[PDB]
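A short write-up of the structure that comes next.
Labels A, B, C, D, E, F, G, H and I are assigned to the chains in the order they are written; within every chain, residues are numbered from 1.
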Amino acid sequence: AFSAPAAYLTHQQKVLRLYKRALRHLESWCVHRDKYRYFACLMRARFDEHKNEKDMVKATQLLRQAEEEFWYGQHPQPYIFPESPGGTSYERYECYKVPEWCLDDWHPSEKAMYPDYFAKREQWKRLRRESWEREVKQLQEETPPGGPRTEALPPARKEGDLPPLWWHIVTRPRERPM
Amino acid sequence: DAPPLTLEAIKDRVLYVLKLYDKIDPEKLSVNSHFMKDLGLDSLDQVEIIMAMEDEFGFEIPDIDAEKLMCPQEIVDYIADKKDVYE
Amino acid sequence: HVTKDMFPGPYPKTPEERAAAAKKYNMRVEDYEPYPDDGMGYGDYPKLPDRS
Amino acid sequence: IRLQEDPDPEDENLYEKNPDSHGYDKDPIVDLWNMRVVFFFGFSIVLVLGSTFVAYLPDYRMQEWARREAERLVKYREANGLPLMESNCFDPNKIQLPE
Amino acid sequence: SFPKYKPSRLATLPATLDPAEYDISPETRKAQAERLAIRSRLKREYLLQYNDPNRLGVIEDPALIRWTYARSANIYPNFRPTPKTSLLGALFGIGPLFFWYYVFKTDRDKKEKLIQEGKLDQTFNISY
Amino acid sequence: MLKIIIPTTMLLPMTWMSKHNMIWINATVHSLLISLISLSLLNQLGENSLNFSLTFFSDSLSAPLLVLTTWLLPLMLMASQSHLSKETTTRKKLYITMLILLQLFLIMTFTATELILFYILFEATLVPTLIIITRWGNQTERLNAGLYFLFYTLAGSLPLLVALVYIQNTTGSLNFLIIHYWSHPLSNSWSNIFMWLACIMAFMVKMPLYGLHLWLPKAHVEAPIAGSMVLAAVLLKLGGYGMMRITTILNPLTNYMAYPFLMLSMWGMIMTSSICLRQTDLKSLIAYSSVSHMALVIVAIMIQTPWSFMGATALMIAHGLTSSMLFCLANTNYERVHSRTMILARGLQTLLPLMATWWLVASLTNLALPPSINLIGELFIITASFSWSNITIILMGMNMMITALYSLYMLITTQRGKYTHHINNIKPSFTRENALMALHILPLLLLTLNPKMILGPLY
Amino acid sequence: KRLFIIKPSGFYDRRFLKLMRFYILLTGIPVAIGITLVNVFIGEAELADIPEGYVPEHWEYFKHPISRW
Amino acid sequence: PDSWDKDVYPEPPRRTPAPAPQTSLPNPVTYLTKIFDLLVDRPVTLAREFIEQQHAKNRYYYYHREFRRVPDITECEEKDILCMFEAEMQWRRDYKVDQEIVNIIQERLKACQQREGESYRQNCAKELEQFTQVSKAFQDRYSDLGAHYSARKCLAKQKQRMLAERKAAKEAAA
Amino acid sequence: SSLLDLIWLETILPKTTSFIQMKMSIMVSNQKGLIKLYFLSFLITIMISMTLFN
């Protein structure tokens, strides 16, 4: 989520993702911890057996057959963490996330109810306003003429600058806002 | 509800898990030790370490982000940033 | 701010028209494929995969 | 460009000049009195007074009158052994059928 | 070996089971790079507008405008009378009308015939 | 009726002689006063109508419509003052004048005692509406919408004029009381078939009937907020009122000529609800919901039983109020983000709570939720249709299911989910908008409390 | 440690609700008091036979005092 | 109670059995009834006594409107608009009165069903027959006139019914 | 939505009538303004009125 994706997954990345998914589904099948440890050791033994293979075509064929085996033997109801996309507690607190632009539409009485918070908020707003030109200049200087080849973003190269395109990442709502 | 996390608590828990890992020597394990450069592990070992951390903290780290956590300090910083821990 | 050239148009019948349509929708010319010209009103709108 | 055209103006926010704006008028006093007249007349006058007026509208539909007439007819007809509901609306003697 | 999984339209084919996922030509990699470049360009434009401090309003989406225009206003100009369109329109617009007319006509004719024959249970049927 | 007619013709010079900043205040105050005055028409008799003079009369069918019109005018004034802030004084006064003329024509239409005067007034209602649409619409399509609306209505209504003058020549009078008392059966002939067709087709186009309804999305989507409010709440009820008035002299030909219209109404009710399920525009969704409800009203009028007419009247009043409220809510959303796309603005419950409450109540009234007058009318129509035939229940159940589906789909799409991140100009809801919603919703609940006021003469 | 909770403005919704309640209760409470006093003191009319030779009025044909008025 | 007519709204005499306890345990129902009478019934009775005392000081009367009979549509000539108007109004009033009569009979039926409870199928046979007869007559009178019903249409229906009865009697006698 | 509402209900009643009116308008108004042509038309009209009308 925090990392910019690449154009494709390498063979190492594919096999590692298959390894993690197979281990998780095996844990779903093997509920108890000792049984899961035993069968996970056997699974890693299989992966180690096929670890050293010079023939990339054969390695890809092994990966494909392993993927078919995983799809046949996957748990119909695999365990999902509550906050994970398939989880039960997924997106439950999205209705509680409110942004700071909505925060600055408050009435003067509401703002007066929090005098110290809004002073620091004004400091943050000044920091945002005093850096946008430097950020856009840095972005347009470092980009290739063809355009952005990837979604990655650069850091601040100067002692007094900020990383470009930082405001919403830094001021995103808390994971438990209310 | 639950007590809030702290940077020290996260670091202690991740070092606890790593010291309970058998392939890692507890004496030479520091918070800046690299998993493959100076700990001598490999990709499957790192995947199992990330899975152990997921089990420890009760949340999933996506594969796109988990491949880059090659250091206990990196894992601590990732978890603190995701859980909004600043102290 | 959108101009008249940025709106969906008729079914493309030439490689130049298909290239222009693909450029309009921010797609590759190789990956752009219109709906078949059955006279159903789709025009040059892309036929993206039927996934969710 | 093909014309000497004005730029599209920015959207105007009523809360910027007047934080306690009711959304009626730019002028504060005019907006406040527009709110006051709308709320007073509409809510109080129309809603409350018209609702109680409609609630206490006299029984000009003669529902209760019809009920009392029905009570009298039922009492009279069941006292004398007559049918409660008559078979015909009109008088067959006063009706003249064709041959 | 293991039983094969048959994709459907409402149950598609997973990526890990796609045969083309394991036959990657060097041109496939450059196509993926071009797609990523397009996505990165669009993302950069959107993020610049989104993080602009002086922006107040809605970042207009030409893609959304095109979708809403093609769904509503671009249909008739690109519609042609073809055998397929003619038959489908005739069926979907006329057939149901005649079907329901026949159903209700038959039901009401049977009911009226029962009424005339005087063998339909209409006791207590006061409200109509 | 002059005690209500003259105050509108006095609203005109008051609007033109008031100051530049006081036009909205004066118009709203005096419109509310006129509505309160017109509330006295609800005291109706159980035997006959209120025959004020040779020209005007009031009935249990006309009274709720007149009260609805007089109540609808100030809400239109509020919405118009919302969206016409930068206009010039003369053009503001012209818009208010168009609204006042429309209200006056509608009042005289609902109270006209002759069919030819009724025709003249209900055709006169077109000019202010056309001017409003094609002049103060926001988009380019307002011109095409006005052309479609005008030509549909006129191509429907001209044969009605010919039929009315023919009926006057044949019978001696177009007075409604005389034609009701002196009515004679309509024999099955081609001439009578085409007379029935002329009258019914005029009012069906006004309804609108399915297959004669494209002008309704065209005009309703492209008209300004006040025009949208008046088009759905009142102007669609002229067709139903006319059909409930003319069908006195169209018997027994209505038993045999109503089959195509009943089939069109039922199937197109289903089809327009399904269309509502897949609308990318909120105004279009509201317009098609209006089409479905008026198709149900057409079914009631065509089956033509005392239980169907009461349901028709109740459903007309309820639909007017609910559709006006829905258009107002969608217009507030549009005034926020300057676009009518439904999926553009999301998370509006977390951004504007009380507007989410108003949306919830409006959607719950849009679907037949007991004991609302919407459900009262729909249930009466469904019971009458059940007595008519026993598969109409299948069609009505399908329509109710789809109605709930698309209403809650609109609610969940607009209000629930997560807000659009880049939309950062959604200011808190105005007191004026909240008051508009409250004035839309409270009378509906009070009518639910007292339901015999909107059940028509057949009660 | 107490953390600031970011919420939309509730001032305007609260103000509208307060104004609506005030203006409904501005006339509603007096109307309720008047209705209660009328019902308690000036009760409803009693049904009676029309005296011979007497011609009543319509408000004499209605029952509740407010409806008669 | 003298509020309504016992003949129009009959009630069978109420037979309540006397208490015959068989245990020394106190009756919670009796104790709670005593509490209810002490706490609620006496205050509401005093309040109603005060209210009725206030009502007795301002006694006034309202009357039931009497309508004399007028010639009906059978007596009215053709296109005699005034006689037709009077006859139509009288027919509408009679229609309302008949509707309320049917309502009274239905109220009788519902009350008897609820009262008899578990023996309603047998003890309510008298109120079912009265409802059957009343509804039959009302249906024969105003069954299928339509939304635009009138005295002329009802008279045409009665004429059709009379013609059918005459034809049936002639066929039977043949 | 598309096949019936946006295509065929538009094609039948409003679009076909507008097309016919436009075609007839073009046909009527497409004249070169030649007195020889429309006076020949006058002669034809006079002959038809004399013969076919009695």
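The rule is simple: contacts are C-beta pairs under 8 Å (C-beta built on N, C-alpha and C of every residue); 3 or more make two chains touch, one makes a residue touch a chain.
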Next item on the list: List every chain that touches both subunit E and subunit I.
Entry: C, F
Next item on the list: Report the chain whose mean Cα position is at the greatest distance from that of subunit A.
Entry: H
Checklist line | Pair exhibiting more inter-chain C-beta contacts, A-B or F-I | finding: A-B
Note to self: Need the CA-centroid distance for the pair subunit D / subunit F, whole Å please.
What the structure shows: 15
Item checked: Gap in Å, rounded to a whole number, between the CA centres of subunit H and subunit F -> 39
Margin query: So the centre of each chain is just the mean of its C-alpha atoms; given that, what is the distance between subunit B and subunit F in Å?
Written below: 66
Next item on the list: Round to the nearest whole Å and give the separation of the Cα centres of subunit C and subunit H.
Entry: 73
Notebook entry, point to check: Multi-chain contacts in subunit I: which residues touch at least two other chains?
Noted result: 2-4, 6-7, 9-10
Note to self: Which positions in subunit A are in touch with at least two other chains?
What the structure shows: 5, 98-99, 102, 105, 107, 168, 174
Next item on the list: Send over the residues of subunit E in touch with two or more other chains.
Entry: 35, 50, 56-57, 72, 75-76, 79, 81, 85, 125, 128
Checklist line | subunit F contact footprint on subunit D (complex, rising order) | finding: 11-15, 21-27, 30, 33-35, 37-39, 41-43, 45-47, 49-51, 53-55, 57-58, 60-63, 66
Next item on the list: Spell out the residues on subunit A that touch subunit D in their complex, using ranges where they run on.
Entry: 105, 107-108
Margin query: List the residues on subunit A that touch subunit G in their complex, please.
Written below: 98-100, 102-103, 105-107, 109-110, 114, 117, 173-174, 177-178
Next item on the list: Please give the residue numbers of subunit F that touch subunit I in the complex, ascending.
Entry: 148, 151-152, 211-212, 214, 271, 274-275, 278-279
Margin query: If we count contacts the way the header does, which residues on subunit E are in touch with subunit A in the complex?
Written below: 1-3, 5, 14, 16-17, 22, 24, 29, 32-33, 35-37, 39-41, 43-44, 47-48, 50-54
